Amino acid sequence: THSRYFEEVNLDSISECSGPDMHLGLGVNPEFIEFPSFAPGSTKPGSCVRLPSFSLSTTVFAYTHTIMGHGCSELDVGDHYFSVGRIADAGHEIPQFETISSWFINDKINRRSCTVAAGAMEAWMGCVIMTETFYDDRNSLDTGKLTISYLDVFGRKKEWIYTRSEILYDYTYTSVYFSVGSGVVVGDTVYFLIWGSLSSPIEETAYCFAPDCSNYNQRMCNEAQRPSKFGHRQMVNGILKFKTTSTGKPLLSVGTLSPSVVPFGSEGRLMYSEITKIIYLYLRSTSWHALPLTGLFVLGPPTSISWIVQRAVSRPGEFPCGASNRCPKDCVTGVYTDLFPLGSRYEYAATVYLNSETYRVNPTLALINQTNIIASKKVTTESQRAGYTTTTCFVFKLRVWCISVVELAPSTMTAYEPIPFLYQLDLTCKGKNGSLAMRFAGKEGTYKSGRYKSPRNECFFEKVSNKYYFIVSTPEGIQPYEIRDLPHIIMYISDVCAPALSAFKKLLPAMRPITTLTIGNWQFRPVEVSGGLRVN
Amino acid sequence: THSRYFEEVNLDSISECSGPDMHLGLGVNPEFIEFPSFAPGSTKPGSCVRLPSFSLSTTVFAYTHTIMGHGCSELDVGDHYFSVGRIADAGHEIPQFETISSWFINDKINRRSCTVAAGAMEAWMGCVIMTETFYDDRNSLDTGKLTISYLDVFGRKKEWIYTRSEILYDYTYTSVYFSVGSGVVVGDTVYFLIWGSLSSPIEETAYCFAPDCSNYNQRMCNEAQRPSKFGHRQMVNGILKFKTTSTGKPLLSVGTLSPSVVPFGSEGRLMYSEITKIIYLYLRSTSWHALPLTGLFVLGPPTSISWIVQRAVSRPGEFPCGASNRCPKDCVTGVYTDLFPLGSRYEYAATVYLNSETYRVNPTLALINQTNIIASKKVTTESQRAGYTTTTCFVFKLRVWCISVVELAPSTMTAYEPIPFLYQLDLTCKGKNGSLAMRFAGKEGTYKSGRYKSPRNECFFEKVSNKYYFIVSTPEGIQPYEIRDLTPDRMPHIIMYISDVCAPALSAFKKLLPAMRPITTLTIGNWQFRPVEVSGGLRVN
Ligand SMILES: *[C@@H]1O[C@H](CO)[C@@H](O[C@@H]2O[C@H](CO)[C@@H](O[C@@H]3O[C@H](CO[C@H]4O[C@H](CO)[C@@H](O)[C@H](O)[C@@H]4O)[C@@H](O)[C@H](O[C@H]4O[C@H](CO)[C@@H](O)[C@H](O)[C@@H]4O)[C@@H]3O)[C@H](O)[C@H]2NC(C)=O)[C@H](O)[C@H]1NC(C)=O
Ligand SMILES: *[C@@H]1O[C@H](CO)[C@@H](O[C@@H]2O[C@H](CO)[C@@H](O[C@@H]3O[C@H](CO[C@H]4O[C@H](CO)[C@@H](O)[C@H](O)[C@@H]4O)[C@@H](O)[C@H](O)[C@@H]3O)[C@H](O)[C@H]2NC(C)=O)[C@H](O)[C@H]1NC(C)=O
Ligand SMILES: *[C@@H]1O[C@H](CO)[C@@H](O)[C@H](O)[C@H]1NC(C)=O
């Protein structure tokens, strides 16, 4: 079909090379590649782009970010960006993200916690509206007023505004928020992940599975489930289901997950694999279980969740509920850092987590294997401030790629700005023999190993200010030299890059203050020259 | 539908109320509107987006920005963003910019000074390539390697690479660079503005006009033409012309402007108006003429330029040639800040200039005549660093709008980032009576006066953390208030709506100065509102 990717393949999560004989790792360190960002920046000073939501299906992908105006305030939340696009081939091994349709919402009504679900050549956006024109001092739970938007690759834009009565709730909620993590569409049913407080308790038996707590009790568990904030109402998680084959306004149903399996109802992401027929469930830890809440969710009655222990990363938060905290405590704090599953049962994962323990700073890309971190790479710097992070991986031209959008603070004129990063995960599983024990394969074929292209290590001549200069271009740095000696003899680049590269790779920390000349009359001196129009 | 904007028309012509009885100004203060930026940001921490080029024709607009990689270095210049799009109507008075086709160049060859020119349903891009695999210590003319890219609204892409011999040069150049300011397409001919050093001097006296200089000499004028940095080669300006509808590779011709009219050859912008049939020419001042170099180019078989004196803004520069030197000195420095003409003969102009004297900081939007500044507004802060600025104005639904893309520094992860700003210029011409003596008109009708919509002055109830509270949203600030029952209806439980308390609360909120609303209890009717700052527990800010 048109307006759809082709070389895009879901990860073969059967890539579980377990057993002590085989060890999984990365062959080539991931490198951030430059491409036109599908997340357009803000143009009004003060208005910040935040809360990114990215979903990838087997046909198209969808993206959404909220533009909080009036100095990055959560009270002017009516301006959003909703886009549907597709990955594409541009004649190279680099997947090129393409935006085909975009729906820039600019109405006045405040829509918060806008999540996205990429479907079959279409996308659904779930937001909620808490603003109300009337007020009653008596107890009067306002309609959740959630809006479901519908954007197709053909430019079609539709939307429905629901009330509390139209939606089928199994239990009465006090407030309903969409999890900023992406929804998922399977078959004819779109499922979104929601979280909210219930008016009355249900099981009163919290998750109460302490990861590494020495002293804990059940009362602490069920007390943390109903924090002091939100009015001591149990924060539970639920699934919103509505069918795409419905005429006009879709019918909505809500199935609330039992509080015994969900530790704390908060934001989270739903991912589904056609290769596995499994819906992996990520749940952001906004309470005490700072260790990542990954699990495998089972559709259809009876709905079942299998939580998986992750002890390689964590989410920063305020004391006493920051990283390294393992005991149940009444607290609401944390950050959204999802973990994309790279195994059939979350055996291996790829994520962009905040390395700090308390302050939400230092974004770091990392591949984990539940026990440790297989590999790691800092996004920018250690002092970099960050916010929500989302990560989604795919396969393009028999190579595993990943796109990770992270909120970064500050910005050029705003407080936050979600920026995407495309990188290659050269997954390699090798034995004790030091050799690759197995080559990961898929339906399209065996995944290729190595870099998509050889590193650029060239040397050329460049004219600046009517003067020619030798240029050594290496992946670690580019240095210009000035030719300073001789119509009797002419020359070209010939083979001077490699002899210069050999000495330039060793004296790289010294920035090569000397230059080994040639036997001929030619010679060059290392000087830094710049254009006259931009001194910078 | 079609792939062009509707209800968009050019300005000028009617803006001729230059009579001393009538003064021209702005009615409503310009406000930056939020829209999805058609300048996509960078995704690599090392590569920085820079050198924006924006062109707007009578059908579509074109944009281009260069991604300098390897730590924002001007040596890794192979990535470029080329886009063609259109304005559109979304049921509002706001001009919504729409990007139709985008061509992300990612070759390895270094292309510097990439200029764009919009026209009909397509756009042309002119870049140069100074990289050469060959080299000669003796003086040899390098291949021009001019690359002309071609992008249509249907996604069609084409490109040509030229040679020093294929192009028709009236004089032998040593180096040729495209002016970052946008080109223009008239009829079937695409005109770009180029600048460069000549191998041999034409030996013509410079512009040699004195912007209020007590002492200047003829030789001082000729010194700036041939600076020491470029090897005493006269920096001249020329026009590259190539015709569309040509077979295969289009033929390129170069017409060098005489050094008598052009003071110093550097970057510049060409803008042509269908209503006026004139090509207004901006020239970036990179020498001593710190005053903005605006002029009116005519396409006559004899090339002719008439420069218009502007004494309202200037460009920051080094100590010998700053924004206040204005007298002939041998120097090469400055910044690109073009001025979009709002008059038939550059009578009024709109720009975003750097208000500082030396450092390229403090970007400031300003509308000027030929002597002073009509109105001014800083973009963000005074300490904001900036770079190149480009500005293009138009009409949408009988309203004067302007888009200004300026380089801002620093960025989120790069050194530079071009960001656009959309604002409305409420041009009003009136006399001392104080009543509007002139209503600006156009082909579609009289340009409407006033703000595009009434300012948002709303009040509403919002529930956060299961707690309802008042929210007063005004254009100056948004304040939440805790609702409390001041014995209303002789019962604690009550029902109140927005329209019953919003208008007087808005009146009281506008009177209270900043830092007073978040501490002042607002009591009205039978309800007490207490300014309390509360946010959701998900994200603390
Ligand atoms: C999750 O992923 C992490 C990634 O670090 C794994 O943690 C490491 O696991 C390894 C075992 O797989 C631990 O032991 C290390 O083994 C190396 C040798 O491994 C085999 O391979 C070589 C050939 O490739 C053979 O020569 C050798 O006999 C082994 O059969 C050693 O190299 C490591 O330590 C030494 O390395 C060099 C010398 O090569 C020395 O200079 C170093 O100083 C060092 O002494 C090491 O012994 C390793 O310790 C684990 N690291 C951590 C941080 O825990 C997890 O196992 C994995 N979890 C899973 C899969 O469940
Ligand atoms: C080129 O642009 C300049 C800026 O637009 C023009 O300057 C303006 O010229 C008019 C001519 O009438 C002056 O109008 C008079 O101004 C005074 C004062 O008005 C207010 O402004 C001053 C600012 O210093 C302030 O001190 C006062 O308190 C007032 O608030 C009135 O008394 C008169 O009635 C009359 O309107 C403008 O003042 C003047 N503006 C500035 C900033 O100098 C200039 O005329 C243009 N040139 C041409 C040839 O058109
Ligand atoms: C302003 O007032 C005068 C009073 O004589 C009047 O004649 C004129 O028409 C009015 N309007 C103008 C000058 O635009």
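Computed from the coordinates by the stated procedures, all read-outs in this text should not be read as laboratory data. Note: ideal-geometry Cβ built from the backbone for every residue, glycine included; neighbour counts use all protein chains shown.
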Here the relative contact order (percent) of region A:223-358, from C-alpha pairs under 8 Å and at least 6 apart, is 20
Placing +1 on the Cβ of each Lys and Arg and -1 on the Cβ of each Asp and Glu in chain B, which of B:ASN29, B:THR380, B:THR414 has its Cα farthest towards the positive end of the resulting dipole? B:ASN29
Cα-based Rg of region A:366-482 per 2.2 N^0.38 Å, rounded to two decimals? 1.48
What's the average, rounded to a whole number, of partner chain beta-carbon atoms within 10 Å of each residue's beta-carbon in A:463-471? 6
Work through the residues other than B:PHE421 whose Cβ is under 11 Å from its Cβ and net out their charges, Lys, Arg +1 and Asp, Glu -1. 0
Rounded to two decimals, the Rg over Rh value of chain A from Cα coordinates and the Kirkwood Rh reads 1.03
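Taking other Cβ within 10 Å of each residue's Cβ, how do A:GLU357, B:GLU444 sort, fewest first?
Numbers: A:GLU357 16, B:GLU444 12.
Fewest to most other Cβ atoms nearby, the residues stand as B:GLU444, A:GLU357.
Quick one: order B:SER344, B:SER535, A:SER266 by neighbouring beta-carbon count within 10 Å, fewest to most. Can you show the working numbers first?
Details: B:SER344 19, B:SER535 14, A:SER266 24.
Going from least to most buried by this count: B:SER535, B:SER344, A:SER266.
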Expressed to one decimal in nm², the mean projection of the alpha carbon convex hull of region B:196-299 is 8.4
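If you add up the charges near A:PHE192, with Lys and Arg at +1 and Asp and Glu at -1, over every other residue whose beta carbon is less than 11 angstrom from its beta carbon, what do you get? Please list the in-between numbers first.
Details: positive: A:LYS241, A:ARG269; negative: none.
Net charge in that neighbourhood comes out at +2.
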Spatial extent of region A:112-202: Rg and Dmax, with the Cα atoms as the point set, Å: 14.6, 47
In order over region B:374-388: 3J(HN,Hα) from phi, Karplus 6.51/-1.76/1.60, θ = phi - 60°, whole Hz, x for each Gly or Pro, gives 5, 8, 8, 7, 6, 5, 10, 10, 6, 7, 5, 7, 9, x, 6
Just to be sure I follow: if Rg is taken over the C-alpha atoms of region A:458-526 and Rh is the Kirkwood radius over the same atoms, what is Rg/Rh? 0.94
Karplus ³J(HN,Hα) for region B:182-199 (6.51 cos²θ - 1.76 cosθ + 1.60, θ = phi - 60°; Hz, whole; x = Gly/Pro) runs 4, x, 7, 10, 10, x, 10, 10, 8, 10, 10, 9, 10, 8, x, 8, 8, 4
Could you tell me the convex hull volume per residue, in Å³, taken over the Cα atoms of region B:438-481? 98
Here the relative contact order (percent) of region B:458-531, from C-alpha pairs under 8 Å and at least 6 apart, is 31
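Grab the other residues whose beta carbon is less than 10 angstrom from that of A:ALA409, score K and R as +1, D and E as -1, and report the net. List each step's numbers first, then the result.
Numbers: positive: A:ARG50, A:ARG360, A:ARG385; negative: A:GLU407, A:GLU417.
Result for the local shell: +1.
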Compute the Rg to Rh ratio over the protein assembly as shown from the alpha carbon atoms, using the Kirkwood formula for Rh, and round to two decimal places. 0.99
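Let me know the whole percent of all Cα-Cα pairs from region A:1-148 that are separated by more than 26 Å. Spell out each step's value before the answer.
Values: 4855 of 10878 pairs.
That tail contains 45 percent of the Cα-Cα pairs.
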Using only alpha carbon pairs under 8 Å that are at least six residues apart, calculate the relative contact order of region A:180-252 and give it in whole percent. 39
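Tell me the Kirkwood hydrodynamic radius of region B:257-336 in angstroms, computed as one over the mean inverse distance between distinct C-alpha pairs.
13.3
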If I take the Cα coordinates of region B:159-239 and project them onto the principal axes, what are the three extents in Å, biggest first? 50, 27, 19
Quick one: Cα centre-to-centre distance for region A:27-77 and region B:318-383, in angstrom? 34
Cut-off under 18 Å on the C-alpha distance; same-chain residues fewer than 8 positions from A:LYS157 excluded. Which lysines are left, in chain and number order? A:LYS108, A:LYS243, A:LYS249
Distribution of pairwise C-alpha distances over region B:1-54, 5 Å bins, in %: 4, 9, 10, 14, 16, 14, 12, 10, 6, 3, 2, 0
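Using the number of other C-beta atoms within 10 angstrom as an exposure proxy, rank B:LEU252, B:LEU168, A:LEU398, B:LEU51 with the fewest first. Before the final figure, lay out the partial values.
On the way: B:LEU252 21, B:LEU168 13, A:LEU398 17, B:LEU51 27.
Arranged by neighbour count, lowest to highest, B:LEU252, B:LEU168, A:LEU398, B:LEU51 become B:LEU168, A:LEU398, B:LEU252, B:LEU51.
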So what are the ³J(HN,Hα) numbers for region B:96-112, from phi and the Karplus equation (6.51, -1.76, 1.60; θ = phi - 60°), rounded to whole Hz, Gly and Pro as x? 8, 7, 10, 9, 9, 10, 9, 10, 8, 6, 9, 6, 8, 6, 7, 10, 10
